[PDB]
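There is one chain below, alone, in structure tokens, taken in the form deposited in one PDB entry.
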């Protein structure tokens, strides 16, 4: 059982919740964690979702090596270097993958010759390693992390930009539709974008309990900057040699940590049904040998019934644990529905179903279970999302002047503020908010994104900070 309160010590709550639901096991190399089966199931669900979707776009999977040679790689303090095999030193040291541009792009130069070879659309599911300097957090910031990375190459900027946006929408679907986590689509500012690219888009999420925005995934319009460094050129139809226009995009096991932080409570995890490996757990109530044979047969019948409706059902008929130990176990683990079947319920042809998010109980006849559970699972899923969306919305404050900022940050909120979008000002702003945060004693404020969904901008509106005329509403806050 979980005992730290989510709203008191958030850190300790998260650690307890992920350990006691058997999602992660700690490890001796710092910043690395073991992903146990209960967490791995959720990743498997989002993986299959995303993978299926990108295949409909013609993206194909591949696997490129985990090693890149020193001279091809040449961010530096993060790179893990292999220097030896056994007691022997490598003639030239080798780096483990931190990203795969330097591994993929020279091959792309070789394979692309003509318009007939475009678009080239590849992905890979793999792990990367970055010797993170920041405080590690299981899922959210780890030194080895699982991800996919998508890398595409096209004839025109328009087609590449369209795929950038399609992928971004798929990531809104991974968070929103699978994980029931609300995200904001935006553009990264010039200071925050991937420097090898032209434009970076993001989906951004929010952790209410510590006030932090967090980048949930990313999708880059790379332009022709990398085609030029790597000599990725093709002949069009009229015999002419052109640079490719490229995209890349990635999303990681960070997504699980965001889910856990978003929906969990004081009793531990709450898993949204769309990604729960066990949607419904059936618990026989077995005590002083009362009806034990008939309770178990009904449990099996109920399961076959529910899986005809494609519900994911487990019977926990394990002998060596009490029914109450099972209630608690599958609560902490975040199973959406718990169906209890004891002697009394057996006599009435009913079952008692407890939903995990609100703790509400229902009495339901065997004949209405399938359609009633499906309805409840759709209500849990929608309800998790809507409550998280309202919290997201409660957490962002529309403002006009710099004077409003530090108070908004102290309330653990984000700010939506009009901004001139000048690179020099973000640097000034972050150095400044850091100063005032140190003095007040918890971190600098930065841009998260410029949201796609722009509210109206009145003609004389000025930038909240410089005073120059503003261009767009930009979302700022503290961040992971």
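For clarity, a rigid core is taken as the largest C-alpha set superposing within 1.5 Å between two forms. Numbering follows the first chain given and starts at 1.
**Q** For residue 441, do at least a third of the other compared PDB entries give no atomic coordinates?
**A** It is, since residue 441 is left out of at least a third of the other entries that model both flanking stretches.
**Q** I'd like to know the size of any gap between residue 441 and residue 442, counted in deposited residues with no coordinates: none, 1 to 3, 4 to 9, or 10 or more.
**A** In the record, 10 or more residues between residue 441 and residue 442 lack coordinates.
**Q** When you step from residue 74 to residue 75 in this entry, do you jump over none, 1 to 3, 4 to 9, or 10 or more residues of the deposited sequence that have no coordinates?
**A** Count of unmodelled residues in between: 4 to 9.
**Q** If you average the CA temperature factors as listed in the entry, which stretch comes out higher, 174 to 182 or 237 to 245?
**A** Between 237 to 245 and 174 to 182, it is 237 to 245.
**Q** Averaging C-alpha B-factors over each stretch, which comes out higher, 31 to 39 or 417 to 425?
**A** Of 417 to 425 and 31 to 39, the stretch with the higher C-alpha B-factor average is 417 to 425.
**Q** Looking at 346, 282, 129, 259, which has the biggest Cα B factor in the entry?
**A** Of the options given, 346 has the highest CA B-factor in the PDB entry.
**Q** Sort 95, 122, 222, 351 by C-alpha B-factor from the entry and give me just the highest.
**A** Comparing C-alpha B-factors across 95, 122, 222, 351, the maximum falls on 351.
**Q** Can you tell me whether residue 54 has a C-alpha B-factor in the lowest, middle or highest third compared with the other modelled residues of the same chain?
**A** Lowest third, going by the recorded CA B-factors of the chain.
**Q** Sort the modelled residues of this chain by their C-alpha B factor and say whether residue 21 lands in the lowest, middle or highest third.
**A** Lowest third.
**Q** If you rank the chain by CA B-factor, which third does residue 65 end up in: lowest, middle or highest?
**A** Lowest third - that is where residue 65 ends up once the chain's C-alpha B-factors are sorted.
**Q** In terms of the CA temperature factor given in the entry, to which third of its chain does residue 359 belong: lowest, middle or highest?
**A** For residue 359, the deposited C-alpha B-factor lands in the middle third.
**Q** Residue 80's Cα B-factor: lowest, middle or highest third of the chain?
**A** For residue 80, the deposited C-alpha B-factor lands in the lowest third.
From this point on, the text means the form deposited in another entry, which you will not see here.
**Q** Overlay on the rigid core first, then point out the one of 291, 350, 225, 210 whose CA is displaced 2 Å or more between this form and the one not shown.
**A** Result of the comparison: 291.
**Q** Cα of residue 325 displaced 2 Å or more between this form and the one not shown, core superposed?
**A** Yes, the C-alpha moves 2 Å or more.
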